[PDB]
Amino acid sequence: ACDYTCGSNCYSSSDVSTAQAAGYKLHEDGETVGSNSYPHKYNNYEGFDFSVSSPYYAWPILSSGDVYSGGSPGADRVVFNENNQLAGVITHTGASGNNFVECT
Ligand SMILES: Nc1nc2c(ncn2[C@@H]2O[C@H](CO)[C@@H](O)[C@H]2OP(=O)(O)O)c(=O)[nH]1
Ligand code: NA
């Protein structure tokens, strides 16, 4: 099912729970993967109205269905907090520069 669309990529609630679980376990272990070092803090410069407390972390979510393991992160991210509550799914597709737009 298409529960969120980021650009032309569709992701399901399960796709999002899977991606977040991976991201949170690395957060907890205090290790990172890939050159841009994920998970990394999400600052919320954009000011999205998340309904979970900060701080937030971003972890890539991929349209191929695989869990990020370094390599190309694409434009999409699952965002979660320190308590492992999901905050939102965001993407760089449809925004200029390094900005983000929320997946809908
Ligand atoms: N637009 C934007 N980027 C952020 C924020 N917090 C961290 N970043 C990361 O900061 C980078 C630019 O300095 C953005 O591409 C993005 O990287 P990632 O997409 O790899 O997660 C934020 O609040 N807004
Ligand atoms: Na992708």
# chains A, B, ... in the order shown; residues from 1 in each chain; ligands from 1
>>> residues_around(residues="residue 27 of chain A", least_positions_apart="5", cutoff="9 Å", atoms="only C-alpha atoms", output="list in words")
residues 22, 32, 38, 39, 40, 57 and 82 of chain A
>>> write_last_selection(atoms="C-alpha atoms", output="PDB file, in the first residue's frame")
ATOM      1  CA  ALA A  22      17.183  -0.198  11.935  1.00  0.00           C
ATOM      2  CA  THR A  32      26.785   5.145  11.969  1.00  0.00           C
ATOM      3  CA  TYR A  38      23.379   8.058   9.399  1.00  0.00           C
ATOM      4  CA  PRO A  39      21.438   8.189  11.683  1.00  0.00           C
ATOM      5  CA  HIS A  40      22.317  11.802  12.357  1.00  0.00           C
ATOM      6  CA  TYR A  57      17.332  11.818  14.039  1.00  0.00           C
ATOM      7  CA  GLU A  82      15.175   9.397  21.341  1.00  0.00           C
TER       8      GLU A  82
END
>>> residues_around(residues="residue 44 of chain A", least_positions_apart="2", cutoff="10 Å", atoms="only C-alpha atoms", output="MDAnalysis selection string")
chainID A and resid 41:42 46:50 54:57 100
>>> residues_near_ligand(ligand="ligand 1", cutoff="12 Å", atoms="only C-alpha atoms and all ligand atoms", output="MDAnalysis selection string")
chainID A and resid 33:48 54:61 70:79 89:93 95:102
>>> atom_distance(atom1="atom 1 (Na, counted along the ligand's line) of ligand 2", atom2="atom CA of residue 53 of chain A")
26.4 Å
>>> select_by_dssp(residues="chain A", states="strand (DSSP E)", output="list in words")
residues 4, 5, 6, 9, 10, 11, 40, 41, 42, 56, 57, 58, 59, 60, 76, 77, 78, 79, 80, 81, 86, 87, 88, 89, 90, 91, 101 and 102 of chain A
>>> closest_residue(among="A:103, A:52, A:87, A:2", to="residue 15 of chain A", atoms="only C-alpha atoms")
A:2
>>> closest_residue(among="A:62, A:3, A:30, A:19", to="ligand 2", atoms="only C-alpha atoms and all ligand atoms")
A:62
>>> closest_residue(among="A:83, A:51, A:6, A:66", to="residue 18 of chain A", atoms="only C-alpha atoms")
A:66
>>> atom_distance(atom1="atom CA of residue 7 of chain A", atom2="atom CA of residue 80 of chain A")
20.4 Å
>>> closest_residue(among="A:23, A:88, A:94, A:65", to="ligand 2", atoms="only C-alpha atoms and all ligand atoms")
A:65
>>> select_by_dssp(residues="chain A", states="alpha helix (DSSP H)", output="list in words")
residues 13, 14, 15, 16, 17, 18, 19, 20, 21, 22, 23, 24, 25, 26, 27, 28 and 29 of chain A
>>> decode(residues="segment 43-91 of chain A", atoms="C-alpha atoms", output="PDB file, in the first residue's frame")
ATOM      1  CA  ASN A  43      17.432  19.825  13.197  1.00  0.00           C
ATOM      2  CA  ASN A  44      13.952  20.721  11.953  1.00  0.00           C
ATOM      3  CA  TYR A  45      15.149  23.910  10.432  1.00  0.00           C
ATOM      4  CA  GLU A  46      12.066  23.609   8.258  1.00  0.00           C
ATOM      5  CA  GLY A  47       9.825  23.703  11.302  1.00  0.00           C
ATOM      6  CA  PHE A  48       7.548  20.762  10.584  1.00  0.00           C
ATOM      7  CA  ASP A  49       4.811  20.371  13.131  1.00  0.00           C
ATOM      8  CA  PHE A  50       5.799  16.988  14.466  1.00  0.00           C
ATOM      9  CA  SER A  51       3.692  15.659  17.329  1.00  0.00           C
ATOM     10  CA  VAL A  52       6.534  13.811  19.126  1.00  0.00           C
ATOM     11  CA  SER A  53       9.222  15.528  21.245  1.00  0.00           C
ATOM     12  CA  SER A  54      12.686  16.515  19.902  1.00  0.00           C
ATOM     13  CA  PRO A  55      15.519  15.791  19.507  1.00  0.00           C
ATOM     14  CA  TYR A  56      15.045  14.051  16.141  1.00  0.00           C
ATOM     15  CA  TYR A  57      17.332  11.818  14.039  1.00  0.00           C
ATOM     16  CA  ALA A  58      17.035  11.015  10.264  1.00  0.00           C
ATOM     17  CA  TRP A  59      17.646   7.617   8.703  1.00  0.00           C
ATOM     18  CA  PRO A  60      17.360   6.879   4.949  1.00  0.00           C
ATOM     19  CA  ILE A  61      14.378   4.937   3.768  1.00  0.00           C
ATOM     20  CA  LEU A  62      14.813   3.380   0.269  1.00  0.00           C
ATOM     21  CA  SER A  63      12.376   2.708  -2.502  1.00  0.00           C
ATOM     22  CA  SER A  64      14.058  -0.561  -3.345  1.00  0.00           C
ATOM     23  CA  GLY A  65      12.727  -1.916  -0.033  1.00  0.00           C
ATOM     24  CA  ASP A  66      16.208  -2.676   1.313  1.00  0.00           C
ATOM     25  CA  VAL A  67      17.323  -1.301   4.691  1.00  0.00           C
ATOM     26  CA  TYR A  68      20.077   1.334   4.272  1.00  0.00           C
ATOM     27  CA  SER A  69      23.510  -0.263   4.727  1.00  0.00           C
ATOM     28  CA  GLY A  70      25.768   2.541   3.438  1.00  0.00           C
ATOM     29  CA  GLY A  71      25.846   3.449  -0.239  1.00  0.00           C
ATOM     30  CA  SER A  72      23.450   5.880  -1.834  1.00  0.00           C
ATOM     31  CA  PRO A  73      20.884   7.190   0.587  1.00  0.00           C
ATOM     32  CA  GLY A  74      18.467   8.693  -1.987  1.00  0.00           C
ATOM     33  CA  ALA A  75      16.329  11.686  -0.962  1.00  0.00           C
ATOM     34  CA  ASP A  76      14.010  10.129   1.633  1.00  0.00           C
ATOM     35  CA  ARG A  77      14.209   9.791   5.412  1.00  0.00           C
ATOM     36  CA  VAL A  78      12.282   8.345   8.303  1.00  0.00           C
ATOM     37  CA  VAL A  79      12.551  10.719  11.297  1.00  0.00           C
ATOM     38  CA  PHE A  80      12.293   9.397  14.927  1.00  0.00           C
ATOM     39  CA  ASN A  81      13.153  10.626  18.409  1.00  0.00           C
ATOM     40  CA  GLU A  82      15.175   9.397  21.341  1.00  0.00           C
ATOM     41  CA  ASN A  83      12.115   7.506  22.570  1.00  0.00           C
ATOM     42  CA  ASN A  84      11.730   5.609  19.202  1.00  0.00           C
ATOM     43  CA  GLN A  85       8.498   7.382  18.396  1.00  0.00           C
ATOM     44  CA  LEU A  86       8.094   8.087  14.654  1.00  0.00           C
ATOM     45  CA  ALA A  87       7.951  11.814  13.845  1.00  0.00           C
ATOM     46  CA  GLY A  88       7.360  11.778  10.029  1.00  0.00           C
ATOM     47  CA  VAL A  89       8.831  10.668   6.636  1.00  0.00           C
ATOM     48  CA  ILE A  90      10.501  13.513   4.804  1.00  0.00           C
ATOM     49  CA  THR A  91      12.260  13.981   1.467  1.00  0.00           C
TER      50      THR A  91
END
